[PDB]
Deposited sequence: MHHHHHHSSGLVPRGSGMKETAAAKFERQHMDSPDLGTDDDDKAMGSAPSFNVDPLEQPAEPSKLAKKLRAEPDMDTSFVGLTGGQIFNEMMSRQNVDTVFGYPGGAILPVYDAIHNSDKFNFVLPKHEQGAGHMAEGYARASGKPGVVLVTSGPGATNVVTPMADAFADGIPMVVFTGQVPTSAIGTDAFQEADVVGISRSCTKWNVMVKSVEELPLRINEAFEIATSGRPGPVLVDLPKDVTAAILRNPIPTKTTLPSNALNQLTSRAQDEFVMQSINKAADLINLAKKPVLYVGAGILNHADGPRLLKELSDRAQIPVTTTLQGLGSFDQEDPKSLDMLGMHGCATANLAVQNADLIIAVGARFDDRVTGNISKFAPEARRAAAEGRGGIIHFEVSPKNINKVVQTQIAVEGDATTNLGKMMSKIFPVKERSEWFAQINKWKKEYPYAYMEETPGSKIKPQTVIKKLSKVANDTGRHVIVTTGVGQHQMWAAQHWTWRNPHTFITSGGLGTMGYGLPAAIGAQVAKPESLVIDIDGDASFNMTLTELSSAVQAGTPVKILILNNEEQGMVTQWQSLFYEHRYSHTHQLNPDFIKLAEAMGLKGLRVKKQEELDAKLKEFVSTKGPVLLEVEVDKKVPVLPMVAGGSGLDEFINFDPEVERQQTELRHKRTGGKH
């Protein structure tokens, strides 16, 4: 069966048509020679909104933030050569964090490919290891097919980035042949096997006496995910901890909430996991930033497994991540949410778990997120800023979205914010890309025009992509940019303090005047130094109509705690100790000859 409707159109014009057929409402991009035939076709197009950054990396991270906030794939449209190489970091970032993204790169004409042409890059080769799939379109005839395959692959299984390489002669060419209609249009034994494993997992859960739900980003890839998670938690009385990327999937005000686990997770979550007889892993991949020393990980679960009375259940959509890190007793293949729904009726309702929750509540009382609080004459504490802003933003009654950079401010945002809503924490976790914060916020704001979007950023992170401030003005995105300025690459100085005897090698970048910068870029700029002005400034920050930057001068050389590092198990975290911090301050002064 053939389709003749695209006959007579250029490749560019076909691209434009395929965007509305693929339900694309937003395109992030930057023009150039190779991709000019497509840009002429989308000129003044009302199929979608176009967002123009200052740098293609910005386009990439914007599309990511857009994808995370909307649940739709982020679409990028850039030129060949430097245009394409400039989106390599965002693709690798989306690949690590499972973000659906379709990247369209212009390419030199097919006759010039492989001749080391002007602005030619081997983009398909470069991006092979950091995309789910990529392809070079070699004729206009196969353009709709490739577009359809790209979007499907990007949004199925574990979502991820795909790249489509678009030769200039292909997008300029007129389609002069009918093409298969199928290319233009966007097992019983397996089901029985999945159900079998679902039955097995239900049996294990009904047996557990100290279960823990270990929840990650996977639960958020379905609209009903958080809802079914809660239903399972309430039905079987199971406490819930989340990874960094699962934050927002569970109401942290709920008594059964364990908060975040891992390297910088809540001690209670870490201890609960270390003492659980059953770990129910839902959409999480057991990264070492979560597990700590893997040989020390979940000893009570391993003991339960050896005695046939527990262990680890894994709801995982990708075969690649099953039995990858941890020996699992039961793997439940496919969409976590879907499989939770199927399992629910098989779970015995539990009245209470007195002993287990008594232990957990005692851990909660003993190990809060403690830190050195403000004293007279001291600088503002970064942890205090997060706690205050969390309440201020939440009290607005608006839907709040938070993006971050990478480092200490990121962890403190994760810890001290109170998470309650799905798809409201957007942070770079796997690749951990500095500079993510501002463009991701712009993207998220585009996805959710009514939401209050806050970028909680670091000074070093913000410097990476700060040129996109003007892009926010041009895009009409009233993002709220918060800079926790400690005048350092804090996460690195933390590691240098701990393991390199306070040798701070090249970890202090010279910052610009962030307030003058913001105003030069066309935003309102605010600064706070004094403890007494923090409250009022935070309120003015959140209340501002347009885009606004607020720089908070915060204290320096403050470690993120708790911390699981070295060969420590999850239950061998370093805890906050006020006397230790004081001793570290003296030691630091002496070792740095008074410089820090």
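Gaps in the model relative to the deposited sequence occur at 1 to 73, 260 to 267, listed in sequence order.
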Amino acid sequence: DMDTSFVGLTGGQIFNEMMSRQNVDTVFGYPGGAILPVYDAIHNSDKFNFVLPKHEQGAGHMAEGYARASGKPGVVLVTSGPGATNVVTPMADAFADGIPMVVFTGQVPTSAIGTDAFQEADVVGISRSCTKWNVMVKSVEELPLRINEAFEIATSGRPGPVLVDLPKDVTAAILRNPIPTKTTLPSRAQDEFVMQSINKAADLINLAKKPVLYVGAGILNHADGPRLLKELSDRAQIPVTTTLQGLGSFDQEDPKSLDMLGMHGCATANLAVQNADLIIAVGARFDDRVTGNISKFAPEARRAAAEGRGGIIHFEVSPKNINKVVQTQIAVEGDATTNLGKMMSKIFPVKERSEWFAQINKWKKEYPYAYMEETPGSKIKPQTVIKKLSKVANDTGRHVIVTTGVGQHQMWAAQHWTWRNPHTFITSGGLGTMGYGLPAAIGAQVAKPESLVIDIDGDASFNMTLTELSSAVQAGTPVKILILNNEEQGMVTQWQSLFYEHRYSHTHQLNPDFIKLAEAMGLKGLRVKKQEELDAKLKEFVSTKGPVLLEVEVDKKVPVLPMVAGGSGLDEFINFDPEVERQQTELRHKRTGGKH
From here on, numbers count along this sequence of modelled residues.
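Note that the rigid core is defined as the largest set of C-alphas that superpose within 1.5 Å between two forms.
When the other structures are laid on the shown form by the core, the C-alphas of 171 to 179 and 233 to 241 differ in how far they drift in 8 other deposited structures of this protein; the larger average drift belongs to 171 to 179. After a core fit, the C-alpha atoms in 8 other deposited structures of this protein lie farther on average from the shown form in one of 48 to 56 and 30 to 38, namely 30 to 38. In the comparison with other entries of the same protein, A413 is given coordinates in all of those covering both sides of it, so it never reaches the one-third threshold. Note: missing coordinates for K388 occur in none of the other compared entries bracketing this position, so the one-third threshold is not reached.
Mean C-alpha B-factor is higher over 537 to 545 than over the other stretch, the pair under comparison being 51 to 59 and 537 to 545. Stretches 340 to 348 and 68 to 76 differ in mean CA B factor, with 340 to 348 having the higher one. Of the candidates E468, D459, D93, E355, the PDB record gives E355 the highest C-alpha temperature factor. Highest CA B-factor among the listed residues (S129, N148, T427, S187): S187. Ranked by Cα temperature factor within the chain, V580 sits in the highest third according to the deposited record. Split the chain's modelled residues into thirds by C-alpha temperature factor. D455 is in the lowest one. The entry lists a Cα temperature factor for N463 that places it in the lowest third of the chain's modelled residues.
Remark: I99 belongs to the lowest third of its chain, ranked by C-alpha B-factor as recorded.
The PDB entry assigns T396 a C-alpha temperature factor belonging to the highest third of its chain's modelled residues.
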